[PDB]
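A.B. asks: Below: the sequence, then the experimentally determined structure.
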Amino acid sequence: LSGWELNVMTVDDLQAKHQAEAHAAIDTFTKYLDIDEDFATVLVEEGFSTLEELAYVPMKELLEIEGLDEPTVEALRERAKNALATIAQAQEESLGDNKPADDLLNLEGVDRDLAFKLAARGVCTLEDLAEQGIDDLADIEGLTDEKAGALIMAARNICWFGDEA
């Protein structure tokens, strides 16, 4: 109707996702002012819940809170870098929808790159490899059709014709 990604997940907890999500951030700034924890209450008007936009902000609004000396600003910069690293690893976890396990890197001819491409195809274990024919083994980068057929025949020998468990 409008054209935006609408999210309907929670039913009882996080009943608002605005007064509760922006209110549950104890696990974010766990060591932010690691000098003294009993300092003040976090300002909800800023939120500190983006981990990226807090890298650069004009200094006209970030001085209202009391007790901001040089070590505190340095700790803020260090935790900003830690936040950048946290979102970096989060995006690495989200973009890496491959999880190439030992079961996929043991097959001969399938290196780290070929295992990456196989996992990007949408297959992660052996029971599904042999259930697709040569007509599905195309689009592979650096892998012809006859080589695809030979490798799938070897896979069917190992898994299907072997009758192993």
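C.D. replies: Sure thing, it's come through. Residues are numbered from 1 along each chain as shown.
A.B. asks: all contacts plus neighbour counts: C-alpha atoms, from now on.
C.D. replies: Fine.
A.B. asks: what's the domain layout of this protein?
C.D. replies: Domains of the chain are assigned by CATH domains of a matching chain as 19-95, 102-160.
A.B. asks: if you compare those domains, which one is most tucked away?
C.D. replies: Looking across the domains of the chain with neighbours counted as mean count of other Cα atoms under 10 Å, the highest average goes to domain 102-160: a mean of 14.
A.B. asks: Any idea how far apart the tips of that one sit?
C.D. replies: Terminal residues of domain 102-160 are spaced 19 Å apart (Cα to Cα, to the nearest Å).
A.B. asks: Ok, stretch 88-107 next?
C.D. replies: Chord length of stretch 88-107, first to last residue, is 31 Å (Cα to Cα).
A.B. asks: I would like the residues contacting it, please.
C.D. replies: 110, 111, 112, 115, 116, 119, 120, 122, 124, 125, 126 (Cα atoms under 8 Å, 6 or more residues apart in numbering).
A.B. asks: helix or strand for residue 140, which one?
C.D. replies: Using DSSP states H and E, residue 140 falls within no helix or strand.
A.B. asks: circling back to that earlier point, with distance to residue 8 as extra columns, can I get the domains of the chain in CSV?
C.D. replies: Formatted as CSV, the domains of the chain follow (distance: least, Cα to Cα, whole Å):
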stretch, distance to residue 8
domain 19-95, 14
domain 102-160, 27
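A.B. asks: So which of the contacts of stretch 88-107 is the closest to residue 135?
C.D. replies: Residue 135 has its nearest neighbour among the contacts of stretch 88-107 in residue 122, at 15.9 Å by Cα to Cα.
A.B. asks: Regarding the spatially closest residue to residue 130 that is not a sequence neighbour, what is its secondary structure?
C.D. replies: In space, and not counting its chain neighbours, residue 130 is closest to residue 156: 5.7 Å by Cα to Cα, 6 or more residues apart in numbering. When classified by DSSP: H, G, I helix; E, B strand; the rest coil, residue 156 comes out as helix.
A.B. asks: Quickly note the distance from residue 156 to residue 128.
C.D. replies: 11 Å.
A.B. asks: again, but for residue 144
C.D. replies: Distance of residue 144 to residue 128, given as Cα to Cα: 20 Å.
A.B. asks: ok, now how distant is residue 132 from residue 142?
C.D. replies: Counting by Cα to Cα, the separation of residue 132 from residue 142 is 19 Å.
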